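coords01.tsv follows (TSV, C-alpha atoms and all ligand atoms):
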chain	number	residue	atom	x	y	z
A	1	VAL	CA	170.25	110.66	92.06
A	2	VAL	CA	171.26	107.14	91.07
A	3	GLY	CA	169.08	104.38	92.45
A	4	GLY	CA	166.34	106.73	93.61
A	5	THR	CA	162.59	106.58	93.67
A	6	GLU	CA	160.22	109.35	92.59
A	7	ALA	CA	159.46	111.65	95.49
A	8	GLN	CA	155.88	112.45	96.38
A	9	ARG	CA	155.36	116.08	95.29
A	10	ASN	CA	154.81	117.38	98.87
A	11	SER	CA	157.51	115.38	100.68
A	12	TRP	CA	160.43	117.82	100.34
A	13	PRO	CA	158.89	121.31	99.97
A	14	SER	CA	162.21	123.09	100.73
A	15	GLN	CA	163.92	121.57	97.69
A	16	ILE	CA	164.52	124.08	94.87
A	17	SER	CA	165.85	123.82	91.32
A	18	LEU	CA	168.70	126.22	90.55
A	19	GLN	CA	168.70	126.97	86.82
A	20	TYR	CA	170.69	129.09	84.41
A	21	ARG	CA	169.64	130.90	81.28
A	22	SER	CA	170.54	128.91	78.15
A	23	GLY	CA	169.54	130.51	74.88
A	24	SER	CA	165.80	131.04	74.98
A	25	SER	CA	165.32	128.57	77.80
A	26	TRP	CA	166.46	127.66	81.29
A	27	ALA	CA	168.54	124.63	82.27
A	28	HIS	CA	168.60	122.91	85.65
A	29	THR	CA	172.10	122.85	87.08
A	30	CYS	CA	171.87	122.26	90.84
A	31	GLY	CA	169.65	121.86	93.80
A	32	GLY	CA	169.20	124.12	96.80
A	33	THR	CA	167.22	124.48	100.01
A	34	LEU	CA	164.81	127.34	100.65
A	35	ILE	CA	165.82	128.66	104.10
A	36	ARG	CA	163.96	132.00	104.18
A	37	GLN	CA	161.20	133.23	101.88
A	38	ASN	CA	163.92	135.18	100.04
A	39	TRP	CA	167.05	133.05	100.69
A	40	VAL	CA	168.31	129.77	99.26
A	41	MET	CA	171.21	127.68	100.52
A	42	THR	CA	173.22	125.91	97.81
A	43	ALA	CA	176.77	124.77	97.03
A	44	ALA	CA	179.39	127.43	96.20
A	45	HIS	CA	180.58	125.40	93.23
A	46	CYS	CA	177.15	125.64	91.66
A	47	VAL	CA	177.54	129.40	91.25
A	48	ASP	CA	181.21	129.50	90.13
A	49	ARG	CA	180.12	130.25	86.57
A	50	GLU	CA	179.20	133.79	85.55
A	51	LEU	CA	175.63	132.84	84.54
A	52	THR	CA	172.15	134.27	84.96
A	53	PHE	CA	170.50	132.14	87.65
A	54	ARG	CA	166.91	131.62	88.74
A	55	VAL	CA	165.35	129.51	91.42
A	56	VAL	CA	162.23	127.44	91.01
A	57	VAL	CA	160.27	126.56	94.15
A	58	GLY	CA	157.29	124.22	94.04
A	59	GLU	CA	158.97	122.28	91.26
A	60	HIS	CA	158.39	118.59	90.69
A	61	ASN	CA	158.78	117.82	86.99
A	62	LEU	CA	161.42	119.92	85.24
A	63	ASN	CA	159.79	119.19	81.88
A	64	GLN	CA	156.03	119.73	82.63
A	65	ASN	CA	153.75	122.25	84.24
A	66	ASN	CA	153.05	121.13	87.81
A	67	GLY	CA	150.72	124.02	88.57
A	68	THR	CA	152.69	124.76	91.73
A	69	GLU	CA	155.90	126.43	90.56
A	70	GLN	CA	157.12	129.90	91.46
A	71	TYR	CA	160.04	131.23	89.38
A	72	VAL	CA	162.28	133.84	90.92
A	73	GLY	CA	165.48	135.53	89.93
A	74	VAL	CA	168.66	135.45	91.99
A	75	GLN	CA	169.42	139.00	93.15
A	76	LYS	CA	172.59	138.48	95.21
A	77	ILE	CA	175.06	135.60	95.61
A	78	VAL	CA	177.13	135.30	98.79
A	79	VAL	CA	179.69	132.51	98.55
A	80	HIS	CA	181.58	131.37	101.64
A	81	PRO	CA	184.72	133.56	101.67
A	82	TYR	CA	187.04	130.56	102.20
A	83	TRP	CA	185.65	128.64	99.15
A	84	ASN	CA	188.26	127.77	96.52
A	85	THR	CA	186.84	126.32	93.33
A	86	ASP	CA	189.93	124.26	92.45
A	87	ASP	CA	189.99	122.67	95.93
A	88	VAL	CA	186.53	121.27	96.74
A	89	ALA	CA	188.20	118.90	99.23
A	90	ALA	CA	189.09	121.84	101.42
A	91	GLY	CA	185.41	122.36	102.13
A	92	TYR	CA	183.46	125.61	102.40
A	93	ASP	CA	181.21	124.44	99.53
A	94	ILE	CA	178.25	126.62	100.47
A	95	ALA	CA	176.62	129.77	99.20
A	96	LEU	CA	173.51	131.79	99.94
A	97	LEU	CA	171.30	133.27	97.22
A	98	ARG	CA	169.04	136.23	97.99
A	99	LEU	CA	165.96	136.01	95.77
A	100	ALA	CA	164.50	139.01	93.95
A	101	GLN	CA	161.07	138.30	95.45
A	102	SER	CA	159.87	136.52	98.58
A	103	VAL	CA	158.16	133.30	97.67
A	104	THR	CA	154.75	132.30	98.99
A	105	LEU	CA	154.64	129.25	101.31
A	106	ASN	CA	152.24	126.32	100.85
A	107	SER	CA	152.41	122.50	100.94
A	108	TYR	CA	154.85	122.62	98.01
A	109	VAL	CA	157.01	125.53	99.25
A	110	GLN	CA	158.35	125.54	102.83
A	111	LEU	CA	161.50	126.56	104.64
A	112	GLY	CA	164.04	123.85	105.30
A	113	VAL	CA	164.77	123.41	108.95
A	114	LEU	CA	168.44	123.35	109.80
A	115	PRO	CA	170.13	121.41	112.61
A	116	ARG	CA	171.39	123.01	115.72
A	117	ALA	CA	174.96	124.23	115.45
A	118	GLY	CA	177.59	121.53	116.05
A	119	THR	CA	175.25	118.57	115.62
A	120	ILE	CA	177.02	115.45	114.32
A	121	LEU	CA	174.98	112.42	113.28
A	122	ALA	CA	175.81	108.97	114.63
A	123	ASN	CA	177.13	106.56	112.04
A	124	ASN	CA	174.40	105.00	109.89
A	125	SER	CA	171.81	107.67	110.62
A	126	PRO	CA	168.76	107.67	108.33
A	127	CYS	CA	168.79	110.29	105.58
A	128	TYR	CA	167.44	110.95	102.09
A	129	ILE	CA	169.16	112.80	99.30
A	130	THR	CA	166.80	114.53	96.88
A	131	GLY	CA	167.32	116.06	93.46
A	132	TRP	CA	166.98	116.05	89.70
A	133	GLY	CA	170.57	115.03	89.03
A	134	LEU	CA	171.73	112.26	86.76
A	135	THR	CA	170.07	108.92	87.29
A	136	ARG	CA	173.20	107.02	86.18
A	137	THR	CA	176.86	107.86	86.03
A	138	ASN	CA	177.31	109.68	82.69
A	139	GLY	CA	173.52	109.60	82.30
A	140	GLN	CA	170.86	112.28	82.10
A	141	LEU	CA	168.92	114.43	84.53
A	142	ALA	CA	165.75	113.09	86.07
A	143	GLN	CA	162.49	114.66	84.96
A	144	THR	CA	160.77	114.19	88.29
A	145	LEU	CA	162.31	114.83	91.70
A	146	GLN	CA	164.08	111.74	93.00
A	147	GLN	CA	164.93	110.61	96.53
A	148	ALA	CA	167.37	107.94	97.70
A	149	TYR	CA	167.91	106.53	101.16
A	150	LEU	CA	171.56	107.21	102.09
A	151	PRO	CA	172.66	106.30	105.66
A	152	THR	CA	175.43	108.49	107.08
A	153	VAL	CA	179.03	107.29	107.17
A	154	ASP	CA	180.76	108.92	110.12
A	155	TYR	CA	184.03	110.83	109.88
A	156	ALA	CA	186.17	108.00	111.24
A	157	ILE	CA	184.97	105.61	108.56
A	158	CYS	CA	184.58	108.14	105.77
A	159	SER	CA	188.14	109.49	106.17
A	160	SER	CA	189.63	105.95	106.29
A	161	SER	CA	191.89	104.91	103.47
A	162	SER	CA	189.42	102.73	101.57
A	163	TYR	CA	186.76	105.46	101.68
A	164	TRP	CA	187.72	109.11	101.04
A	165	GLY	CA	190.94	109.34	103.08
A	166	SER	CA	192.22	112.93	103.57
A	167	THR	CA	189.73	114.41	101.13
A	168	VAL	CA	186.84	114.28	103.63
A	169	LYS	CA	186.91	116.85	106.41
A	170	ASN	CA	184.96	117.08	109.64
A	171	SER	CA	183.10	120.02	108.05
A	172	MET	CA	181.42	117.48	105.73
A	173	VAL	CA	178.84	114.72	106.03
A	174	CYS	CA	179.23	111.48	104.12
A	175	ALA	CA	176.18	109.38	103.22
A	176	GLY	CA	175.61	106.25	101.22
A	177	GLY	CA	178.47	104.45	99.48
A	178	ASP	CA	176.59	101.21	98.82
A	179	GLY	CA	177.46	101.15	95.10
A	180	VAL	CA	173.77	101.35	94.09
A	181	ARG	CA	172.36	104.65	95.41
A	182	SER	CA	174.01	108.06	95.34
A	183	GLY	CA	173.94	111.65	94.44
A	184	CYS	CA	175.12	112.50	90.92
A	185	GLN	CA	175.81	115.55	88.79
A	186	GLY	CA	172.96	118.03	89.02
A	187	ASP	CA	172.16	117.09	92.64
A	188	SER	CA	174.91	119.40	93.99
A	189	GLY	CA	173.67	122.16	96.19
A	190	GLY	CA	170.56	120.29	97.25
A	191	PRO	CA	169.64	118.87	100.64
A	192	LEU	CA	170.47	115.78	102.60
A	193	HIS	CA	167.41	115.38	104.86
A	194	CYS	CA	168.02	113.41	108.07
A	195	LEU	CA	165.40	112.27	110.52
A	196	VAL	CA	166.24	113.32	114.08
A	197	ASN	CA	163.85	113.36	117.06
A	198	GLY	CA	161.00	112.75	114.71
A	199	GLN	CA	161.70	115.72	112.44
A	200	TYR	CA	163.65	115.89	109.16
A	201	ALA	CA	166.31	118.56	109.02
A	202	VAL	CA	168.69	119.52	106.24
A	203	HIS	CA	172.07	118.30	107.53
A	204	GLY	CA	173.92	118.40	104.20
A	205	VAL	CA	174.43	120.46	101.04
A	206	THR	CA	175.44	118.06	98.26
A	207	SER	CA	179.05	118.78	97.32
A	208	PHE	CA	180.86	115.97	95.49
A	209	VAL	CA	181.05	112.37	94.34
A	210	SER	CA	183.97	110.30	93.01
A	211	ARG	CA	185.61	111.25	89.71
A	212	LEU	CA	185.28	107.53	88.97
A	213	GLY	CA	181.47	107.62	89.14
A	214	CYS	CA	178.41	108.55	91.14
A	215	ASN	CA	177.44	105.25	92.75
A	216	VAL	CA	180.86	103.81	93.68
A	217	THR	CA	181.15	101.44	96.64
A	218	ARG	CA	183.00	103.10	99.55
A	219	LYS	CA	182.76	106.51	97.91
A	220	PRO	CA	179.67	107.85	99.67
A	221	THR	CA	178.23	111.09	98.47
A	222	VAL	CA	179.85	114.02	100.29
A	223	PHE	CA	177.92	117.00	101.59
A	224	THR	CA	178.85	120.26	103.30
A	225	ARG	CA	177.84	119.83	106.98
A	226	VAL	CA	175.16	122.48	107.51
A	227	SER	CA	175.61	122.41	111.29
A	228	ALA	CA	179.17	123.74	110.89
A	229	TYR	CA	177.86	126.88	109.16
A	230	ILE	CA	174.91	128.06	111.28
A	231	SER	CA	176.69	131.20	112.46
A	232	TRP	CA	177.93	131.96	108.97
A	233	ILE	CA	174.43	131.59	107.51
A	234	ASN	CA	172.87	133.77	110.20
A	235	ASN	CA	175.60	136.40	109.77
A	236	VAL	CA	175.07	136.59	106.01
A	237	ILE	CA	171.31	136.90	106.29
A	238	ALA	CA	171.59	139.57	109.02
A	239	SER	CA	174.03	141.66	106.94
A	240	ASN	CA	172.03	141.44	103.70
A	301	NA	NA	157.33	121.68	86.52

Structure translated into structure tokens:
Amino acid sequence: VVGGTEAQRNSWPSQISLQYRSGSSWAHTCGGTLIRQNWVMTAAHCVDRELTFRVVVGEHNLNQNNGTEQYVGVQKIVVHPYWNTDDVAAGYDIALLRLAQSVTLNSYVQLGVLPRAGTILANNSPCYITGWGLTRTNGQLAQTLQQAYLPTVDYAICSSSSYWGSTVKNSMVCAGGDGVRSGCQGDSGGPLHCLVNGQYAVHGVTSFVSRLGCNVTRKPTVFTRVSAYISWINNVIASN
């Protein structure tokens, strides 16, 4: 997250760190949202590589013991069947991860609530992106979980020629684009939390930013629209 602030450690208890095994250690690669005690929602593109993945819930500082973490292996990966890794603009950038164990819930570890199917946010709706992704274009990962306030940009504006044009689909949510605050590499797969009727819900799964940089004016961060995939999510969980 470029232009973020450090999150309080109990603000976003559904945020997870998706990590892969790297030598004798683990490396953060993406975010995710805990949606059942044994299921995480992330971006399909985060699990394109043939790696050993784990999830960390209750994580705050990637580089220090928080005293709250639970580390769990990924047992099964179910990518959306229409996902195509060389065409992120087509959409379908979503995957579910079944965890090897069911995590224990507490103030640091909670299920993300999802919007009702079909819900579309009005333009300029209040949301936060969260994650440990780069804090500058071509920068480095954050140590501590970051948040940035990113107002939605509705489809009509986001798919206009000076924004994303044809590349944004109605199956996506756009947020931000102010040239200061954005998602960045390593935030993919994590949540966009939007405040609706007094309650935050996870309306987005971070999918992409501009090839020209993270915080680029009129290139808002683009997220898979969770509310387009409710039936898919429920179907996967019910059949696994
Ligand atoms: Na930690």

Quick one: 5 Å padding each side, axis-aligned, all listed atoms of segment 123-135 of chain A - centre and edge lengths in Å to one decimal, as JSON?
{"center_x": 172.0, "center_y": 110.5, "center_z": 99.4, "size_x": 20.3, "size_y": 21.1, "size_z": 35.3}

| For residue 238 of chain A, which residue among A:21, A:98, A:134, A:75 is the nearest when counting all atoms listed in the file? | A:98

| field | segment 107-114 of chain A environment, 7 Å, all atoms listed in the file, sequence neighbours closer than 4 positions dropped, as an NGL selection string | value | :A and (10 or 13-14 or 33-36 or 57-58 or 68 or 201-203)

Keeping only C-alpha atoms, write the selected residues to a file as a short mmCIF file (atom, residue, chain, number, x, y, z; two decimals), keeping the file's coordinate frame.
data_model
loop_
_atom_site.label_atom_id
_atom_site.label_comp_id
_atom_site.auth_asym_id
_atom_site.auth_seq_id
_atom_site.Cartn_x
_atom_site.Cartn_y
_atom_site.Cartn_z
CA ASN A 10 154.81 117.38 98.87
CA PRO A 13 158.89 121.31 99.97
CA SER A 14 162.21 123.09 100.73
CA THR A 33 167.22 124.48 100.01
CA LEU A 34 164.81 127.34 100.65
CA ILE A 35 165.82 128.66 104.10
CA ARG A 36 163.96 132.00 104.18
CA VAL A 57 160.27 126.56 94.15
CA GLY A 58 157.29 124.22 94.04
CA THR A 68 152.69 124.76 91.73
CA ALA A 201 166.31 118.56 109.02
CA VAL A 202 168.69 119.52 106.24
CA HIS A 203 172.07 118.30 107.53
#

| task | Show which residues sit within 9 Å of segment 143-157 of chain A, as a PyMOL selection string. Count all atoms listed in the file, and ignore same-chain residues fewer than 4 positions away. | result | chain A and resi 1-9+59-64+120-133+135+161-165+168-170+172-178+181-183+192+194+220-221

| Could you state the separation of atom CA of residue 214 of chain A and atom CA of residue 81 of chain A in Å, given to one decimal place? |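 Atom CA of residue 214 of chain A sits 27.9 Å away from atom CA of residue 81 of chain A.
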
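You will find atom CA of residue 210 of chain A at 25.1 Å from atom CA of residue 50 of chain A.
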
| Top pick for closest residue to residue 142 of chain A, considering A:213, A:179, A:118, A:186 and counting only C-alpha atoms | A:186

If we count only C-alpha atoms, what is near residue 42 of chain A at a cut-off of 6 Å, once residues fewer than 3 positions away on the same chain are taken out, given as a CSV table (one decimal) with C-alpha atoms, in the frame of the given file?
chain,number,residue,atom,x,y,z
A,32,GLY,CA,169.2,124.1,96.8
A,94,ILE,CA,178.2,126.6,100.5
A,95,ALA,CA,176.6,129.8,99.2
A,189,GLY,CA,173.7,122.2,96.2

| Quick one, how far is atom CA of residue 19 of chain A from atom CA of residue 53 of chain A? | 5.5 Å

| query | For residue 196 of chain A, which of A:47, A:119, A:69, A:39 is the closest residue, counting all atoms listed in the file? | reply |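 Comparing A:47, A:119, A:69, A:39 against residue 196 of chain A, the winner is A:119.
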
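Here the question is which of A:67, A:73, A:31, A:102 gets nearest to residue 204 of chain A using only C-alpha atoms, and that residue is A:31.
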
| Within 12 Å of residue 87 of chain A using all atoms listed in the file, minus same-chain residues under 3 positions, as a ChimeraX atom specification | /A:44-45,82-84,90-93,167-168,207-208

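When only C-alpha atoms are used to measure the gap to residue 15 of chain A, the shortest distance among A:29, A:211, A:190, A:117 belongs to A:190.
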
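Between ligand NA 301 (chain A) and the candidates A:24, A:38, A:217, A:65, the tightest atom-to-atom separation, counting all atoms listed in the file, involves A:65.
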
| How would you write as a PyMOL selection string the residues that get within 12 Å of (167.0, 133.5, 85.5) in the file's frame, counting all atoms listed in the file? | chain A and resi 17-29+51-56+71-75+99-100
